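Chain by chain, the residues run as shown.
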Amino acid sequence: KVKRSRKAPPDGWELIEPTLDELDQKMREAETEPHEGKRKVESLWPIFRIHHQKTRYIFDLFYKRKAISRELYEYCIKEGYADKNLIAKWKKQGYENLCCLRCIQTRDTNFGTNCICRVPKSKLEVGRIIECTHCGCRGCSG
Amino acid sequence: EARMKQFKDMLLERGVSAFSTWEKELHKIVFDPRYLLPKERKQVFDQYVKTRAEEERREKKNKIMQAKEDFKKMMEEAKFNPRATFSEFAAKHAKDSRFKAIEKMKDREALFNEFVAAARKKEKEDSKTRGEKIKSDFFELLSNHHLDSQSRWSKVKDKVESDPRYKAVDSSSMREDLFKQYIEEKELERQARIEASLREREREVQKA
């Protein structure tokens, strides 16, 4: 992301910058991935995951490692590296391993429910294939 | 102790550091036999994280010092290289390890340009400040004698020449001009500027 907010990043940026650059490269590579050989929705699967992974990286640096400052965290939020809504959902209980925001958007589904991946494996069928259509995860529940 | 050493080796060998998630490298480090050799892993990871947070700031400081050293090598390997181009400063300073440590040569050119501009501005400001100090010293030395419009520069030359303050002025014509200017504390100056504004407004409106 060469295009930034016309300033200098806060202190501690260079510590995490190479990992963000690698994630940005992965995201760009996923964008340009040809959609032949896959289904219609599977081509959108990597972006979600990368985004989730990307949003993990900042979320594991401000709460579970405390490795970045508050201003750096907000700079990462404002630059599109971190997802404010996804992080806000993760702070809740039972939403720690939430894959994407779409899997809990109630009225996106036909019946005002969640995605199938939201169903916990405890009350799931033993050995069923769990392949989400929105993002393709094996069950993002607890 | 061997378990902690193995944990550190696993954290440093698999392309991991304090800037890579444990829950993201867990799929690449769990298969290591050293991983098997709760809280001990967490404590070791936290200690390594703190030590590496200090060490990364130290390494950034080292890189900044390397940039400063590259600038110093490009600037102080010759007669200050004021107007020396990139080729001139490169052909004379391409051997030492200070420049060879810099992996990028474009960084060297950008640092040389920025530091040269900053040093030119600083040198101009320092020269101007020294000139101001010399002018103040010369004015103070000239004021030591009861001089007015009737006083001549010939007597100033005969009674103020030996003063080191007058020696700061390297030109006799400049000294004579300064003497002529001098021959022809702040809040009251503020009121003087207010009066200046009043008189300029008065002349403008009076002409109109």
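Caption draft 1: Structural detail: the overall build of chain B. Counting secondary structure elements, chain B contains 11 helices and zero strands. Secondary structure elements of chain B, listed N to C terminal, follow the sequence α-α-α-α-α-α-α-α-α-α-α. Here the C-alpha atoms of chain B give a radius of gyration of 34 Å, more than 25% beyond the 17 Å that 2.2 N^0.38 yields for 208 residues. In terms of its C-alpha atoms, chain B occupies a principal-axis envelope of roughly 100 × 50 × 40 Å.

Caption draft 2: Just the overall build of chain A, in detail. Along the backbone of chain A there are four helices and zero strands. Along chain A, helices (α) and strands (β) appear in the sequence α-α-α-α when read from the amino end. Structurally, chain A occupies a C-alpha span of about 50 × 40 × 25 Å along its principal axes. In chain A, which comprises 142 residues, the share counted as buried stands at 37%. Sequence-distant contacts in chain A: of pairs separated by 6 or more residues, those separated by 24 or more amount to 52%. Within chain A, the 20 negative side-chain charges are centred at a point lying 7 Å from the centre of the 29 positive side-chain charges.

Caption draft 3: Molecular detail of the packing of helix α1 (residues 13-31) of chain A against helix α3 (residues 70-78) of chain A. Residue and element names in this part refer to chain A. In the contact formed by α1 and α3, the axes pass within 12 Å of each other and the chain directions differ by 30°. For the element pair α1 / α3, the angle class is roughly parallel. Handedness of the crossing formed by α1 with α3: right-handed. Seen from α1, the contacting residues are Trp13, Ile16 and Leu20; seen from α3, they are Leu72, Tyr75 and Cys76. Among the residues making up the contact of α1 with α3, the classes are represented as six nonpolar, no polar and no charged.

Caption draft 4: Seen up close, the side chain of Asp83 of chain A. Residue and element names in this part refer to chain A. By secondary structure assignment, the location of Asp83 is in the loop between α3 and α4 (84-90). There is a polar contact of 2.6 Å between the side chain of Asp83 and the side chain of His51. In contact with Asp83, other than residues within four places in its own chain, are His51, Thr55, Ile77 and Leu101.

Caption draft 5: Local environment of the interface of chain A and chain B. With five residues of chain A in contact, the opposing surface of chain B contributes seven residues. Top element by residues in the side of chain A that touches chain B is α1 of chain A. It accounts for three residues.

Rules of the game
- Residues numbered from 1 in each chain as written, not as in the entry; some residues may be left out.
- Chains lettered and ligands numbered in written order.
- Part of a larger assembly, values for the part shown.
- Heavy atoms only, no water.
- Residues with missing side-chain atoms left out of burial classes, pairs and counts.
- Helix = DSSP H or I, 4+ residues; strand = E, 2+ residues; numbered from the N terminus.
- Rg over C-alpha atoms; globule rule 2.2 N^0.38 Å.
- Buried < 20%, exposed > 50% of the residue type's maximum accessible area, 1.4 Å probe, protein only.
- Contact = heavy atoms within 4.5 Å.
- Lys, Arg positive; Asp, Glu negative; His and termini not counted.
- Charge placed at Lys NZ, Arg CZ, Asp CG, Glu CD.
- Axes fitted to C-alpha atoms, helices over the stretch in contact; angles between N-to-C directions.
- Parallel < 35°, antiparallel > 145°, perpendicular 65-115°, else oblique.
- Left-handed = near helix turned anticlockwise from the far one by under 90°.
- Nonpolar A, V, L, I, M, F, W, Y, C, P; charged D, E, K, R; others polar.
- Polar contact = N/O pair within 3.5 Å; in protein donor to acceptor, adjacent residues only side chain to side chain.

Nothing here speaks to function; it is geometry throughout.
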